[PDB]
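Peer 1: Shown below is the structure under consideration.
2 protein chains.
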Amino acid sequence: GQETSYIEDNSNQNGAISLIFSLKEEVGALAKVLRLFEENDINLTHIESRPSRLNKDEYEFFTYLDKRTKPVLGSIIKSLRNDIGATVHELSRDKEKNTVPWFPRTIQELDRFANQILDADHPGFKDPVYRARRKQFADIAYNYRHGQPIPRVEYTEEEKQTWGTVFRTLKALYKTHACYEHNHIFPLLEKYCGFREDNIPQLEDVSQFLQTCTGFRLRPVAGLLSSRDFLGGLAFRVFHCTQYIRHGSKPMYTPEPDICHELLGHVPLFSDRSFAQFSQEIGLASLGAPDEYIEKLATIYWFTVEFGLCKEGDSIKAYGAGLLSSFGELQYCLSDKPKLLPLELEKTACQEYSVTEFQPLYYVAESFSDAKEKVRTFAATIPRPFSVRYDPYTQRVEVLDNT
Amino acid sequence: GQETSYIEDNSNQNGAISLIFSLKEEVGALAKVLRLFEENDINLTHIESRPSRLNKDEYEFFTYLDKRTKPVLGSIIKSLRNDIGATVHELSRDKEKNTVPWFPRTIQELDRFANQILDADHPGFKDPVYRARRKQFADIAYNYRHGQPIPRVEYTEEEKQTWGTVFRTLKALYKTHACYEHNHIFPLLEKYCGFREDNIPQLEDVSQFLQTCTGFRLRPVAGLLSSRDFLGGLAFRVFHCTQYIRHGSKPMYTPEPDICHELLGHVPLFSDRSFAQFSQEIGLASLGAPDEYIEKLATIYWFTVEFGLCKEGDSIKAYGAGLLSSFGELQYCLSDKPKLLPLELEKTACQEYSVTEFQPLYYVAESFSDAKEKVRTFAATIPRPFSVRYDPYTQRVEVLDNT
Ligand SMILES: [Fe+3]
Ligand SMILES: [Fe+3]
């Protein structure tokens, strides 16, 4: 009711259904389970069995199925539960009765809904060339697949000039308004990723560098994804970021995120361990979270990763990416005009806001470490039949039952 | 003096020198350091700066230099120490006075000495076709680069038949002689990696699966690597394994490791978290370790990963890979002939042994968890100016000063 940053998720044509369950290895168990699936008309390359990462005598099952297996899924869950004997969690993309809202278990699974994106006013609406250029970048995202190197695009001088206009202003403002963490990493991005005022950095280059710092990686997205999907990606330390640039007509404005917003507002901080851990915690807390809490986390995300203020000693600087890529509001947030409140997730989670520039209120975080722990705690209050944790080694979410 | 499994490391033509040091970010520090390198004739793409993963106000430096920069390195270390102010560790591949034995800091660095490998008696010596086939596999290893998918090779029926001979025997013996962990993972390798008696699995397939389980990954090696380099790889959960198969003339024998030995003896257990962690601990304890302790760890490795016996309750099974891929000694080790001693690294580290089949003595491990902690402790006694820890996210060793 005030145009928020919370985008409710859809469902494709087939949607997505995944069954989470572990099976203790007892002679024939593995075969009975696969036989169970085999029997009910299900391709067994959609069922994956792996050793349990928690219990040395169990197998964990991953099922890449969709809505087309719905009819015989009830039977299978029943059998698994009653006959075979296994605690089963049904993850559904259409989050219905008794089903936990779907979420990727493996980083690769981020491919599933990555292409689930959402003009008249938009600068560039009457620009054929721009519209085509946007098609090009959208194509790259749509065609993108996890693991692949992000395709490089040669930016035109015009675009580079737009970049520079935004770059120049912000750089000449980070020292006095940006948090230590941002100002700490930026010089390196300039030195190593081609972050210059006469050059738009290639997403592949930035992704490599990010990984090298925090394991974070980039994924080119065509447009805005549902909060569930964007937040979810953070659990795998994956950042869905645009590659296109705003229209040159108004370099100082974007009614949507763009390469300028991702590279100068988000990327720098994702290179910091504490910050990386913080944002990932928000992603992990969203995994399978009910719509209500996704919006809450989306709101929380908004007042932290996007428009957050960090308290450094006796002063307050900005770390919110929405601030660090918007000179105007970047100066405004540190002025004496905005209302400031300490970060307190229960109140922040229900905070009323609008997407319009120049937020009237900002939340101040003690540190990234404090907020991370702050989110960990808020997460514990989110209705979920289990808890989650990321495994950097296998790049797979490990679902542990509530602690 | 009894032909051991300890292979002392060499040095290429240029060798390898890396400087470990962190720099607190104080105006101009970063530039002074790079200027410092720039000045002394050093390509700055050989110097890498990244945010410290431990201290939020420091930069960590990675230097991919060799022996050709030796002359001006003394000056640079002096400057860094006295002028700039930084604790500097000089890693040298030629481990000389005051230099810590070199070791990869980034997983990619495993490329540096990966191709540093070491016939008359060998079965296949007079076989032109075999020798050429071996050239082919060696080529693939030499050309291999971390990150790349391991090239697939179509094995001849003859080779597949050799595989089957070994496979058949072992499979029909794992139930009664192999540890739970091995028997737990094997069925999955059969179900998912093409581990059949009529099919030699492709290393790429196995690597993917391994990663999916423990993050472990394979790297095709041409022949035997120095203990330092092989053990070191384990720190990154990377297994250097052969791809070629023994000569068909004598399927029941190999005077060297081969695909049969890697896939059936090592791979299964590397899919277990506890085991993966254990072997990695040995790799982490080798990082920069003096030659003496590398041989010790090599010896330890020998009596554990290669020829170790695990105590399961009241019984004892085998987990040593040398045992699990050698039917003959696999039955022998559990007979009443071999001498058995509990795992105790200080005595095991100095244990006398020979490579000849049918070990007279084996060391029994409480569990993989106990041995891992056992190695962690033994490691603390290894002369090193710092301690190490692996970062799965960035795939980079983080060097913390002694704890
Ligand atoms: Fe954003
Ligand atoms: Fe071996």
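Sequences listed follow chains A and A', in order. A prime marks a further copy of an entry chain.
Residue numbers for the first sequence, in the entry's author numbering: 19 to 136, 143 to 427.
Residue numbers for the second sequence, in the entry's author numbering: 19 to 136, 143 to 427.
By construction, the Cβ of each residue, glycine as well, lies at the ideal position given by its N, Cα and C atoms.
Going by DSSP in three states, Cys265 (chain A) sits in which element: helix, strand or coil?
Peer 2: Note: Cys265 (chain A) maps to strand in three-state DSSP.
Peer 1: Assign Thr401 (chain A') to one of two classes, buried (16 or more other C-beta atoms within 10 Å of its C-beta) or exposed (fewer than that).
Peer 2: Classification of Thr401 (chain A'): exposed, given that the 10 Å Cβ count is below 16.
Peer 1: Closer than 7 Å to a non-hydrogen atom of ligand 2 - does that hold for the CB of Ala132 (chain A')?
Peer 2: Answer for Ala132 (chain A'): no, Cβ out of range of ligand 2.
Peer 1: Considering only the beta carbon of each residue, do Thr323 (chain A) and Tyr387 (chain A) sit closer than 8 Å?
Peer 2: No, Cβ-Cβ distance for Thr323 (chain A) and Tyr387 (chain A) is not below 8 Å.
Peer 1: So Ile283 (chain A') and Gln267 (chain A') are in contact, right, with Cβ under 8 Å, and what is the actual spacing, rounded?
Peer 2: Confirmed, about 6 Å.
Peer 1: I'd like to know whether the C-beta of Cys237 (chain A) is nearer than 8 Å to at least one C-beta of chain A'.
Peer 2: Judged by the 8 Å Cβ criterion, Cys237 (chain A) is in contact with chain A'.
Peer 1: Flag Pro281 (chain A) as yes when its Cβ comes closer than 7 Å to any non-hydrogen atom of ligand 1, and as no otherwise.
Peer 2: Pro281 (chain A) Cβ: within cutoff of ligand 1.
Peer 1: Taking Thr278 (chain A') as the query, report the chain A residues whose CB atoms sit under 9 Å from its CB, ordered along the chain.
Peer 2: Going along chain A, no residue has its Cβ under 9 Å from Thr278 (chain A'), so there is no contact; the nearest lies around 28 Å.
Peer 1: Any Cβ of chain A within less than 8 Å of the Cβ of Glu376 (chain A')?
Peer 2: Not one chain A Cβ lies under 8 Å of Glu376 (chain A').
Peer 1: If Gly332 (chain A) and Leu255 (chain A) are in contact, beta carbons under 8 Å, what's the gap, nearest whole angstrom?
Peer 2: With 8 Å as the limit, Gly332 (chain A) and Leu255 (chain A) do not qualify as a contact, their Cβ atoms being about 15 Å apart.
Peer 1: From the DSSP output, in three-state form, read off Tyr317 (chain A) for me.
Peer 2: Helix at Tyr317 (chain A).
Peer 1: For the stretch 408–423 of chain A against the stretch 310–323 of chain A, are there 3 or more C-beta pairs whose distance is under 8 Å?
Peer 2: Result yes; three or more Cβ-Cβ pairs closer than 8 Å.
Peer 1: Could you say which of A:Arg220, A:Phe299, A:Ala165, A:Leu98 lies nearest to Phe79 (chain A) if we only look at CA atoms?
Peer 2: It is A:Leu98 whose Cα lies nearest to the Cα of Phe79 (chain A).
Peer 1: Could you spell out the range, first to last residue, of the alpha helix (DSSP H) harbouring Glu205 (chain A')?
Peer 2: That run of the alpha helix (DSSP H) goes 204–216.
Peer 1: Under 7 Å, CB to CB, which of the residues in the stretch 24–53 of chain A have a partner in chain A'?
Peer 2: Against chain A' - using a Cβ distance shorter than 7 Å - the residues of the stretch 24–53 of chain A are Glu43, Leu48.
Peer 1: Is the beta carbon of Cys334 (chain A) less than 8 Å from the beta carbon of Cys217 (chain A)?
Peer 2: Against a cut-off of 8 Å, the Cβ pair of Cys217 (chain A) and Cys334 (chain A) comes out as no contact.
Peer 1: For the stretch 191–216 of chain A', which residues have a CB atom closer than 8 Å to at least one CB atom of chain A, in sequence order?
Peer 2: Taking 8 Å as the Cβ-Cβ cut-off against chain A, the residues of the stretch 191–216 of chain A' that qualify are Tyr204, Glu205, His208, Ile209, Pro211, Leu212, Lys215, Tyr216.
Peer 1: For the stretch 316–343 of chain A, which residues have a beta carbon sitting closer than 9 Å to at least one beta carbon of chain A'?
Peer 2: Going along the stretch 316–343 of chain A in chain order, one finds no residue with a Cβ nearer than 9 Å to chain A'.
Peer 1: According to DSSP, is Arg158 (chain A') part of a helix, a strand, or is it coil?
Peer 2: Residue state, collapsed to three classes: helix.
Peer 1: Residues in the stretch 287–299 of chain A' with C-beta within 9 Å of chain A's C-beta atoms, listed in sequence order?
Peer 2: Per Cβ criterion, the list reads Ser295, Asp296, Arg297, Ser298.
Peer 1: Considering only the alpha carbon of each residue, which of A:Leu358, A:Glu21, A:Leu249, A:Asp296 lies closest to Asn73 (chain A')?
Peer 2: Taking only the C-alpha atoms, the option nearest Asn73 (chain A') is A:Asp296.
Peer 1: Provide the residue span of the alpha helix (DSSP H) that contains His201 (chain A'), from first to last.
Peer 2: Looking at the DSSP string, the run of the alpha helix (DSSP H) that includes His201 (chain A') is 181–201.
Peer 1: Have a look at A':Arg270, A':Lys150, A':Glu205 and flag the residue whose alpha-carbon is nearest the alpha-carbon of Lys184 (chain A').
Peer 2: Taking only the C-alpha atoms, the option nearest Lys184 (chain A') is A':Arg270.
Peer 1: Along the beta strand (DSSP E) that carries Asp415 (chain A'), what are the first and last residues, could you check?
Peer 2: Unbroken beta strand (DSSP E) run through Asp415 (chain A'): 411–415.
Peer 1: Would you say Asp129 (chain A) reaches chain A', if we count a Cβ-Cβ gap shorter than 8 Å as a contact?
Peer 2: Not one chain A' Cβ lies under 8 Å of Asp129 (chain A).
Peer 1: For the stretch 56–69 of chain A, enumerate the residues whose C-beta is nearer than 7 Å to any C-beta of chain A', in chain order.
Peer 2: Under the 7 Å Cβ criterion, the stretch 56–69 of chain A contributes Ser67, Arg68, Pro69.
Peer 1: I believe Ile102 (chain A') touches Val51 (chain A') by the beta-carbon criterion, under 8 Å. Please report the beta-carbon distance rounded to the nearest angstrom.
Peer 2: The Cβ separation is near 6 Å, so the contact holds.
Peer 1: Could you check whether the Cβ of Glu330 (chain A') sits closer than 7 Å to any heavy atom belonging to ligand 2?
Peer 2: Correct: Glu330 (chain A') has its Cβ closer than 7 Å to ligand 2.
Peer 1: Give the DSSP bridge partners of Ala373 (chain A), in chain order.
Peer 2: Its beta-bridge partners do not exist; DSSP assigns none.
Peer 1: Could you list which residues in chain A have their beta carbon closer than 9 Å to that of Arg261 (chain A'), in chain order?
Peer 2: Near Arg261 (chain A') (Cβ distances below 9 Å), the residues of chain A are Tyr417.
Peer 1: Does the count of Cβ pairs from the stretch 227–234 of chain A and the stretch 155–175 of chain A closer than 8 Å reach three?
Peer 2: Contact holds: three or more Cβ-Cβ distances are below 8 Å.
Peer 1: Please classify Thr124 (chain A): does DSSP put it in a helix, a strand, or coil?
Peer 2: Strand at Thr124 (chain A).
Peer 1: Nearest chain A C-beta to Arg220 (chain A') closer than 8 Å, yes or no?
Peer 2: Cβ-Cβ to chain A under 8 Å: no for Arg220 (chain A').
Peer 1: Is there a Cβ of chain A' sitting closer than 8 Å to that of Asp282 (chain A), yes or no?
Peer 2: Output row for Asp282 (chain A): interface = no.
Peer 1: Applying the 10 Å Cβ sphere with the 16-neighbour rule, what's the burial state of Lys398 (chain A)?
Peer 2: By the neighbour-count rule (16 or more Cβ atoms within 10 Å), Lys398 (chain A) is buried.
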